[PDB]
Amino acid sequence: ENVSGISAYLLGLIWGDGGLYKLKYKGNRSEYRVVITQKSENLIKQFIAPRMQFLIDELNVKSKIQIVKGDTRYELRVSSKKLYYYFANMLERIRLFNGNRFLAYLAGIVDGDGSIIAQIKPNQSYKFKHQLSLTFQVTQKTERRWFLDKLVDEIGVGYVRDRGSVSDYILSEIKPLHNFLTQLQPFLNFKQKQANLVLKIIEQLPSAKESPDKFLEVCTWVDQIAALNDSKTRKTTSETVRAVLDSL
């Protein structure tokens, strides 16, 4: 990892779960912030802080990395006019990011506003009564739909769907999905495990369809992905599938 990749990734995370703020305070004071918010403090300390510290050192930025606790999430914050303008201008050079720098950038956007999903959908039309569904998605407020459109243009596959105030970029085609995640995975931090579990499920999907036991095993891996995600409204699990197969 170098500044080229670290900086691209961070910009992605900043855009996704943070922001760049130029503030004006009373008493003729001011502040410039580079921020990344995240519910988990450990995740920030283990993956983000080290990378930001590295970039800060290489850029000779003297400000300190602050980790502030908020009501609903933790916040990694660097109060630096220099770092602020560095990222704000890079914002305009994204369109020129080459292969690997673009992947680091994307990984940043994914660890922030992305979701790597595995689902078991009940459908009586399938032999084992369920469809094994895999999804890569990026959600963005509808005003930034142009961004999702750009993703379709850059990645090459997938599409965009609007659902009110927000929209999503979606990729579910197994082959392209496997290829895309094989490329993005090394750059991910927060969602690297779910990325690799999705890769494993795809590689075992055909075998999963040839036997009830192998199908349940693979459903086990989807349970694991859901556990790694902020799973709150999940209904069909591997055990639900087992009960159906047993009654058959």
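Numbers for residues come from their place in the sequence shown, where the first is 1.
Mean CA temperature factor is higher for 36 to 44 when stretches 36 to 44 and 217 to 225 are set side by side in the entry. The question of which stretch, 19 to 27 or 5 to 13, has the higher mean Cα B factor is settled in favour of 19 to 27. Taking the deposited Cα B-factors for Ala88, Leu106, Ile116, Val152, the highest one is held by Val152.
In this PDB entry, the Cα temperature factor of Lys193 sits in the bottom third of its chain's modelled residues, the lowest group. The PDB entry assigns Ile201 a C-alpha temperature factor belonging to the highest third of its chain's modelled residues. In the PDB entry, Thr135 places in the middle third of its chain by CA B-factor. Among all modelled residues in its chain, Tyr74 ranks in the middle third by Cα B-factor. For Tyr169, the recorded CA temperature factor ranks within the middle third of the chain's modelled residues.
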